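Structure file start.csv (CSV, C-alpha atoms and all ligand atoms) follows.
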chain,number,residue,atom,x,y,z
A,2,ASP,CA,88.6,57.2,126.9
A,3,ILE,CA,91.9,57.9,128.6
A,4,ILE,CA,93.5,56.9,131.9
A,5,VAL,CA,93.0,59.3,134.8
A,6,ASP,CA,95.9,59.3,137.3
A,7,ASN,CA,95.9,60.5,140.9
A,8,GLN,CA,99.2,60.8,142.9
A,9,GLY,CA,102.2,60.2,143.0
A,10,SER,CA,105.0,57.6,142.9
A,11,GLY,CA,103.6,54.4,144.4
A,12,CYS,CA,103.2,53.9,140.7
A,13,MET,CA,106.0,51.5,140.2
A,14,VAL,CA,104.4,49.5,137.4
A,15,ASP,CA,105.4,50.2,133.8
A,16,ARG,CA,103.0,52.4,131.9
A,17,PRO,CA,101.9,49.7,129.4
A,18,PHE,CA,100.9,47.2,132.1
A,19,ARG,CA,99.0,49.9,134.0
A,20,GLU,CA,97.2,51.2,131.0
A,21,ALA,CA,96.4,47.7,129.9
A,22,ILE,CA,94.7,47.0,133.2
A,23,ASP,CA,93.0,50.4,133.3
A,24,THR,CA,91.7,50.1,129.8
A,25,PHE,CA,90.4,46.6,130.6
A,26,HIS,CA,88.6,48.0,133.6
A,27,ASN,CA,87.2,51.2,132.2
A,28,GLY,CA,86.5,49.8,128.8
A,29,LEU,CA,84.2,47.3,130.4
A,30,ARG,CA,82.5,49.9,132.7
A,31,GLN,CA,81.8,52.3,129.9
A,32,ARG,CA,80.2,49.6,127.9
A,33,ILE,CA,78.1,48.4,130.8
A,34,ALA,CA,77.1,52.0,131.4
A,35,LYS,CA,75.8,52.2,127.8
A,36,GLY,CA,73.8,49.1,128.5
A,37,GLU,CA,75.8,47.3,125.7
A,38,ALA,CA,78.0,44.7,127.3
A,39,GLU,CA,76.8,41.2,126.5
A,40,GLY,CA,75.8,39.7,129.8
A,41,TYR,CA,75.8,42.6,132.1
A,42,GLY,CA,72.3,44.0,131.8
A,43,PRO,CA,70.7,47.4,131.6
A,44,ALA,CA,72.4,50.8,131.3
A,45,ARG,CA,73.1,52.6,134.6
A,46,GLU,CA,75.1,55.3,136.3
A,47,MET,CA,78.7,54.2,136.2
A,48,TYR,CA,81.8,55.9,137.7
A,49,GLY,CA,85.1,55.5,136.0
A,50,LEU,CA,87.9,54.2,138.2
A,51,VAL,CA,90.6,56.7,138.9
A,52,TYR,CA,94.0,55.1,138.7
A,53,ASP,CA,95.5,55.8,142.2
A,54,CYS,CA,99.2,55.3,143.0
A,55,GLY,CA,98.4,55.1,146.7
A,56,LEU,CA,96.1,52.2,146.0
A,57,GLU,CA,98.8,50.7,143.8
A,58,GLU,CA,101.1,50.8,146.7
A,59,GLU,CA,98.4,49.2,148.8
A,60,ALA,CA,98.2,46.5,146.2
A,61,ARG,CA,102.0,46.0,146.5
A,62,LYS,CA,101.6,45.5,150.3
A,63,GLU,CA,98.7,43.0,149.7
A,64,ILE,CA,100.9,40.9,147.4
A,65,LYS,CA,103.6,40.7,150.1
A,66,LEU,CA,101.3,40.1,153.0
A,67,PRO,CA,97.7,39.0,152.0
A,68,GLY,CA,94.9,40.3,154.2
A,69,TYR,CA,96.4,43.8,154.3
A,70,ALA,CA,93.8,45.5,152.0
A,71,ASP,CA,90.8,44.0,153.7
A,72,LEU,CA,92.1,45.6,157.0
A,73,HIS,CA,91.7,48.9,155.3
A,74,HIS,CA,88.3,48.0,154.0
A,75,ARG,CA,89.2,47.8,150.4
A,76,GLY,CA,88.1,45.7,147.4
A,77,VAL,CA,90.7,43.4,146.0
A,78,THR,CA,91.0,41.3,142.8
A,79,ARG,CA,93.6,38.8,141.9
A,80,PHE,CA,94.8,37.4,138.7
A,81,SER,CA,97.8,35.2,137.7
A,82,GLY,CA,99.1,32.9,135.0
A,83,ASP,CA,102.0,30.7,133.9
A,84,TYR,CA,103.6,32.2,130.8
A,85,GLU,CA,106.6,32.1,128.5
A,86,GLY,CA,106.6,34.9,126.0
A,87,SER,CA,106.6,38.6,126.5
A,88,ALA,CA,105.5,39.6,130.0
A,89,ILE,CA,103.1,42.2,128.6
A,90,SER,CA,101.3,39.8,126.2
A,91,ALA,CA,101.0,37.3,129.0
A,92,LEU,CA,99.1,39.8,131.0
A,93,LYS,CA,96.8,40.8,128.1
A,94,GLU,CA,95.8,37.2,128.0
A,95,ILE,CA,95.4,36.7,131.7
A,96,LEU,CA,93.0,39.6,131.7
A,97,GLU,CA,90.9,37.9,129.1
A,98,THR,CA,90.8,34.9,131.3
A,99,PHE,CA,90.3,37.1,134.4
A,100,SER,CA,87.3,38.6,132.6
A,101,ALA,CA,85.5,35.2,132.9
A,102,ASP,CA,85.6,35.1,136.7
A,103,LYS,CA,82.1,36.2,137.6
A,104,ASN,CA,83.3,36.7,141.1
A,105,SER,CA,86.2,38.9,140.3
A,106,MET,CA,84.3,40.9,137.8
A,107,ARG,CA,81.7,42.0,140.5
A,108,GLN,CA,84.5,44.2,142.0
A,109,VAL,CA,85.7,45.3,138.5
A,110,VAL,CA,82.3,46.4,137.5
A,111,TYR,CA,80.8,47.8,140.8
A,112,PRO,CA,79.4,51.2,139.7
A,113,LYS,CA,80.1,52.8,143.1
A,114,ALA,CA,83.8,52.3,143.1
A,115,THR,CA,85.8,55.4,142.1
A,116,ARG,CA,89.5,54.5,142.3
A,117,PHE,CA,91.9,51.6,142.1
A,118,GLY,CA,95.5,50.6,141.8
A,119,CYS,CA,97.2,47.3,140.9
A,120,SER,CA,100.6,45.8,141.3
A,121,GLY,CA,102.3,42.6,140.2
A,122,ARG,CA,105.3,40.4,140.7
A,123,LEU,CA,107.2,38.0,138.4
A,124,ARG,CA,108.3,34.6,139.8
A,132,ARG,CA,107.6,31.9,134.7
A,133,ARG,CA,104.5,33.2,136.5
A,134,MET,CA,103.0,36.6,137.0
A,135,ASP,CA,100.7,37.6,140.0
A,136,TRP,CA,98.7,40.8,140.1
A,137,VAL,CA,96.3,42.3,142.6
A,138,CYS,CA,94.2,45.5,142.3
A,139,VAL,CA,92.9,47.4,145.3
A,140,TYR,CA,89.6,49.3,145.0
A,141,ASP,CA,88.3,52.0,147.2
A,142,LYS,CA,84.8,50.6,147.3
A,143,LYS,CA,83.9,46.9,147.7
A,144,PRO,CA,80.4,45.7,146.8
A,145,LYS,CA,78.3,43.5,149.1
A,146,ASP,CA,77.0,40.0,148.2
A,147,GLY,CA,73.6,40.5,146.6
A,148,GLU,CA,74.0,44.3,146.3
A,149,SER,CA,72.2,45.6,143.2
A,150,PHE,CA,74.4,47.4,140.7
A,151,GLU,CA,71.5,48.8,138.5
A,152,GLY,CA,70.5,52.4,138.9
A,153,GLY,CA,70.4,55.8,137.2
A,154,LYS,CA,71.6,56.5,133.6
A,155,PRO,CA,74.9,56.8,131.8
A,156,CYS,CA,76.0,60.5,132.2
A,157,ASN,CA,76.1,63.1,129.4
A,158,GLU,CA,76.8,66.1,131.6
A,159,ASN,CA,78.1,66.5,135.2
A,160,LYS,CA,74.6,66.9,136.6
A,161,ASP,CA,73.9,63.3,135.5
A,162,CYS,CA,76.2,61.9,138.2
A,163,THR,CA,74.5,61.4,141.6
A,164,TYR,CA,76.4,58.8,143.6
A,165,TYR,CA,79.1,61.2,144.7
A,166,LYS,CA,79.7,64.9,145.2
A,167,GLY,CA,81.7,66.9,142.7
A,168,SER,CA,81.8,64.5,139.7
A,169,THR,CA,82.9,65.3,136.2
A,170,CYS,CA,81.1,63.3,133.5
A,171,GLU,CA,83.4,62.3,130.7
A,172,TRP,CA,83.0,59.6,128.0
A,173,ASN,CA,79.7,58.7,129.7
A,174,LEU,CA,81.6,57.9,132.9
A,175,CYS,CA,81.4,59.8,136.1
A,176,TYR,CA,84.7,60.8,137.8
A,177,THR,CA,85.3,62.1,141.3
A,178,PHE,CA,88.5,62.7,143.3
A,179,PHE,CA,86.5,62.9,146.6
A,180,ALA,CA,84.5,59.8,147.4
A,181,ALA,CA,85.8,59.7,150.9
B,201,CA,CA,82.5,66.6,128.1
This structure in structure tokens:
Amino acid sequence: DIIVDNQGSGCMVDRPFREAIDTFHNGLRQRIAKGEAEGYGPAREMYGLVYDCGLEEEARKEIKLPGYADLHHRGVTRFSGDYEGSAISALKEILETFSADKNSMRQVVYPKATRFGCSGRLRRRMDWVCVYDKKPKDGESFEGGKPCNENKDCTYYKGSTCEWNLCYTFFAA
């Protein structure tokens, strides 16, 4: 399981923060796909999120003007925390805490999202948002299909590569 990057240089965020948030996201999705994440239910077709520097730049605009991403019909998640130590270890922890927000995690785990980008600002407090290309609806079922072994197994979107039992596509629009 390795990060998949598209773009660019709206990627302003230091690699370790990016990879931390991406591994948190896709680590969870891959487990849910294999039906083996305590609390998330049966196996299903799951797309990996592509890390997208364009969506990271959108996340940047959403931090400095909330409401922006909704205008472009995007999913958004937010997480913050007061902290004192190393910035990076603060974030590792915040994500743990984040991962207990049933509401937030619906966007994080939505099987039909295919790309996202996050951004953060330090104020000690850190604030992050991630922007997602697809936003679920309230009550929308996430179950469906099977975890993929080969490309044929991916059905939600055209031209998907199955890897690490996650489906990837660069064209979901
Ligand atoms: Ca393969």
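Residues of protein or nucleic acid lying within 9 Å of ligand CA 201 (chain B), counting only C-alpha atoms and all ligand atoms, are residues 157, 158, 159, 169, 170, 171, 172 and 173 of chain A.
Minimum atom-to-atom distance to residue 34 in chain A, evaluated using all atoms listed in the file, belongs to A:46 out of A:85, A:2, A:46, A:53.
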Could you pull the residues within 6 Å of range 58-68 of chain A, counting all atoms listed in the file, minus those fewer than 3 positions along the same chain, as a list in words?
residues 11, 55, 71, 119, 120, 137, 138 and 139 of chain A
Residues of range 11-36 of chain A that approach range 99-108 of chain A to 10 Å or less, counting only C-alpha atoms: could you list each one with the shortest pair of atoms and its distance in Å to one decimal, rows by chain and increasing residue number, as CSV?
residue,atom,partner,partner_atom,distance
A:25,CA,A:100,CA,8.8
A:26,CA,A:106,CA,9.3
A:29,CA,A:100,CA,9.5
CA of residue 136 in chain A to CA of residue 151 in chain A, straight-line distance in Å:
28.4 Å
Regenerate range 122-140 of chain A at the level of N, CA, C and O atoms and dump it as a PDB file, in the frame of the given file.
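Everything below was put into result.pdb:
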ATOM      1  N   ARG A 122     103.942  40.872 140.610  1.00  0.00           N
ATOM      2  CA  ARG A 122     105.300  40.400 140.700  1.00  0.00           C
ATOM      3  C   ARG A 122     105.584  39.168 139.841  1.00  0.00           C
ATOM      4  O   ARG A 122     104.719  38.304 139.689  1.00  0.00           O
ATOM      5  N   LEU A 123     106.777  39.134 139.246  1.00  0.00           N
ATOM      6  CA  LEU A 123     107.200  38.000 138.400  1.00  0.00           C
ATOM      7  C   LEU A 123     107.976  37.011 139.251  1.00  0.00           C
ATOM      8  O   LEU A 123     108.801  37.387 140.080  1.00  0.00           O
ATOM      9  N   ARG A 124     107.683  35.733 139.042  1.00  0.00           N
ATOM     10  CA  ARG A 124     108.300  34.600 139.800  1.00  0.00           C
ATOM     11  C   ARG A 124     108.767  33.544 138.846  1.00  0.00           C
ATOM     12  O   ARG A 124     108.565  33.633 137.633  1.00  0.00           O
ATOM     13  N   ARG A 132     107.887  30.477 134.374  1.00  0.00           N
ATOM     14  CA  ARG A 132     107.600  31.900 134.700  1.00  0.00           C
ATOM     15  C   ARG A 132     106.127  32.110 135.020  1.00  0.00           C
ATOM     16  O   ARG A 132     105.223  31.589 134.355  1.00  0.00           O
ATOM     17  N   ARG A 133     105.897  32.886 136.076  1.00  0.00           N
ATOM     18  CA  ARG A 133     104.500  33.200 136.500  1.00  0.00           C
ATOM     19  C   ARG A 133     104.457  34.680 136.862  1.00  0.00           C
ATOM     20  O   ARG A 133     105.423  35.262 137.343  1.00  0.00           O
ATOM     21  N   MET A 134     103.312  35.289 136.555  1.00  0.00           N
ATOM     22  CA  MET A 134     103.000  36.600 137.000  1.00  0.00           C
ATOM     23  C   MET A 134     101.761  36.615 137.950  1.00  0.00           C
ATOM     24  O   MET A 134     100.771  35.938 137.673  1.00  0.00           O
ATOM     25  N   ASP A 135     101.854  37.359 139.048  1.00  0.00           N
ATOM     26  CA  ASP A 135     100.700  37.600 140.000  1.00  0.00           C
ATOM     27  C   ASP A 135     100.427  39.065 140.062  1.00  0.00           C
ATOM     28  O   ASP A 135     101.330  39.876 140.264  1.00  0.00           O
ATOM     29  N   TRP A 136      99.150  39.414 139.914  1.00  0.00           N
ATOM     30  CA  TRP A 136      98.700  40.800 140.100  1.00  0.00           C
ATOM     31  C   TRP A 136      97.590  40.849 141.159  1.00  0.00           C
ATOM     32  O   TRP A 136      96.792  39.921 141.316  1.00  0.00           O
ATOM     33  N   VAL A 137      97.571  41.940 141.910  1.00  0.00           N
ATOM     34  CA  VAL A 137      96.300  42.300 142.600  1.00  0.00           C
ATOM     35  C   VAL A 137      95.999  43.781 142.251  1.00  0.00           C
ATOM     36  O   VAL A 137      96.878  44.593 141.990  1.00  0.00           O
ATOM     37  N   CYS A 138      94.707  44.078 142.226  1.00  0.00           N
ATOM     38  CA  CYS A 138      94.200  45.500 142.300  1.00  0.00           C
ATOM     39  C   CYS A 138      93.480  45.724 143.560  1.00  0.00           C
ATOM     40  O   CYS A 138      92.754  44.866 144.073  1.00  0.00           O
ATOM     41  N   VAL A 139      93.682  46.916 144.103  1.00  0.00           N
ATOM     42  CA  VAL A 139      92.900  47.400 145.300  1.00  0.00           C
ATOM     43  C   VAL A 139      91.896  48.438 144.823  1.00  0.00           C
ATOM     44  O   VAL A 139      92.189  49.315 144.023  1.00  0.00           O
ATOM     45  N   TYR A 140      90.681  48.339 145.343  1.00  0.00           N
ATOM     46  CA  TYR A 140      89.600  49.300 145.000  1.00  0.00           C
ATOM     47  C   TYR A 140      89.133  50.006 146.232  1.00  0.00           C
ATOM     48  O   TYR A 140      89.142  49.444 147.337  1.00  0.00           O
TER      49      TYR A 140
END
